[PDB]
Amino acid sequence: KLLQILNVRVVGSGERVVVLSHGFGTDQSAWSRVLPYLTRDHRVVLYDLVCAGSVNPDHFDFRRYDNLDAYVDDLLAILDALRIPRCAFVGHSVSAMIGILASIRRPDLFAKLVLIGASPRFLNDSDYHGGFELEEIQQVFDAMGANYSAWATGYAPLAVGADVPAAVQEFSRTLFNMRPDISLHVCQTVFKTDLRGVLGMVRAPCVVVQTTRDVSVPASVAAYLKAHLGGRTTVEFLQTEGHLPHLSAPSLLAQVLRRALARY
């Protein structure tokens, strides 16, 4: 079942296992440029989220995946299936949220988290700056429904951030492959998620990767995570911008991953 359905791949080798888990609009191919920096040293597990365009969309149960817990269930089932008792987990965006929840459910299994493009809550609240307002997201949801292709075309370069045409082309490729109803549903699920209250339950050490601008993650979010995450947390800075550094600046991201994954 799950190992086939979610395109699970295990590559490299080592006692140090690391799971790479992609974000919204991409699939595991997003990791392809960083992957060669990890596989000499680590056993690496890749998989696609059930909402990825590279997964048959008829597996997407809208009821089941109404919250991120169901995505955590998939991740845990994959690791249990592979008989992995201990790993480091690298998660981008929605997968950083999944990683946080999964590390709380199973603190035995998650030795270290690396969180990229990460936020505990995207909507603003009283003295909390998430980056988004309700009326704004309502318009986003309408645009995704009215003309998904036009929405995706506009979003891709903004997510990449830096003027890196090859990264825009690549992210667009996978974004256009998400089924639009699934896309909208995931987008809604992420915007209703608020992990602020459970951050202190994370016991794993955490590296939060901050780029110099992310359209979906204000600069203040990383300090917030560092202040509230319950494990030993550091913020590591890349000297370039964007929400998708694994696509736009993979060599630089790989340096941070090699150091973060050295011991755990």
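Sequential numbering from 1, following the sequence displayed.
Of the two segments examined, 31-39 and 55-63, it is 55-63 that shows the higher average Cα temperature factor in the deposited entry.
Comparing 211-219 with 64-72, the stretch with the higher mean C-alpha B-factor in the PDB entry is 64-72. For the set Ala118, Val190, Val90, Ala143, the PDB entry puts the maximum C-alpha B factor at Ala143. The PDB entry assigns its highest CA temperature factor, among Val164, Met178, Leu184, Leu113, to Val164. When the modelled residues of the chain are ordered by their C-alpha B factor, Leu6 lands in the middle third. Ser21: CA B factor in the lowest third of modelled residues in this chain (values from the PDB entry). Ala96 sits in the lowest third of its chain by CA B factor, as recorded in the PDB entry.
Annotation for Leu123: C-alpha temperature factor in the highest third relative to the rest of the modelled chain, per the entry.
Among all modelled residues in its chain, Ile104 ranks in the lowest third by Cα B-factor.
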